[PDB]
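Topology and contacts: notes
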Amino acid sequence: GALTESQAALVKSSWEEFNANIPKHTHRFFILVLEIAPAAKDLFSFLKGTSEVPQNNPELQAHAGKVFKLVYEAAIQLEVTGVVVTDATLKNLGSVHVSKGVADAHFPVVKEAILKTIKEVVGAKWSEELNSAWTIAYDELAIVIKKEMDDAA
Ligand code: HEM
Ligand SMILES: [O]
């Protein structure tokens, strides 16, 4: 697909829509996650000892926000520049994943959880051209973090 001027315009537009509601979209995101894979729960300090996914836990919100931001930034950088750039932050990300017991097979869990979250976020404006655009941008960003975990192991 590439990432045409027209495709990037489509991701930016759809992310602005996500940030517009953090406590919802982030608690939804963790439920989509636990639906796709229940065992994932013991991983999260803020999920451990609990029985349900807390809805107003700042730790949880801060966490999930950071995750979508990073995927959007990735799409822009792809249209302008043609790539995703690896920095300090992505590198530290890779460390903390490993301390916490996270593996590669966990990633399609969080992808489908994000496509399904964005399909839910943009509703009727959904196009093939847009699905194509978020897919490209996640894929391209995961490729980069997985890279940094393996390196923190
Ligand atoms: C491109 C995809 C991903 C991005 C952009 C991302 C981003 C992040 C960030 C930014 C943090 C630190 C948050 C903090 O300091 O507050 C974090 C922590 C963490 N992540 Fe991920 N992540 C991704 C995929 C995954 C996957 C696939 C899993 C496994 C289910 C996972 C499990 C965790 C855990 C257990 C922590 C520690 C949280 C703690 O106990 O408090 N992440 N992630
Ligand atoms: O995460």
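Residues numbered from 1 in each chain as written, not as in the entry; some residues may be left out. Chains lettered and ligands numbered in written order. Heavy atoms only, no water.

Bringing the environment of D104 into the picture now. Its location among the elements puts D104 in the loop between α4 (88–99) and α5 (107–122). Put simply, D104 and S13 are 91 residues apart on the chain and 29 Å apart in space, counted from C-alpha to C-alpha. Beyond its immediate sequence surroundings of up to four residues, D104 is in contact with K146 and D150. (Helix = DSSP H or I, 4+ residues; strand = E, 2+ residues; numbered from the N terminus. Contact = heavy atoms within 4.5 Å.)

All right, on to the UniProt feature "domain: Globin" in the protein chain then. UniProt records the feature "domain: Globin" for residues 2–150 in the present numbering. Helix makes up 70% of residues 2–150 and strand 0%. Its end C-alpha atoms lie 28 Å apart. (UniProt positions renumbered as here; feature names shortened; annotations may be inferred.)

A few words now on the nonpolar core. Within the largest apolar cluster, 44 residues are counted, with the highest numbers of intra-cluster contacts made by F29, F30, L47, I114, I118 and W134. Looking at this core, the elements with two or more residues in it are α1 (5–19), α2 (22–36), α3 (58–81), α5 and α6 (128–152). Looking at this core, the element that brings in the most residues is α6, giving 10 residues. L47 has contacts with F30, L34, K41, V53, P54 and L60, leaving out every residue within four places of it along the chain. (Core = buried A, V, L, I, M, F, W, Y, C linked by side-chain atoms within 4.5 Å. Buried < 20%, exposed > 50% of the residue type's maximum accessible area, 1.4 Å probe, protein only.)

Time to look at unusual backbone geometry. The general pattern is negative phi for most residues beyond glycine and trans for most peptide bonds. In the Ramachandran plot, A2 falls in the positive-phi region, its phi being about 100° despite a non-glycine side chain. On the basis of relative accessibility, which here comes to 64%, the residue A2 falls in the exposed class. Although it is not a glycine, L3 adopts a positive phi angle of roughly 110°. Mapped onto the secondary structure, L3 falls in the segment before α1. What makes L3 buried here is its relative accessible area of 7%.

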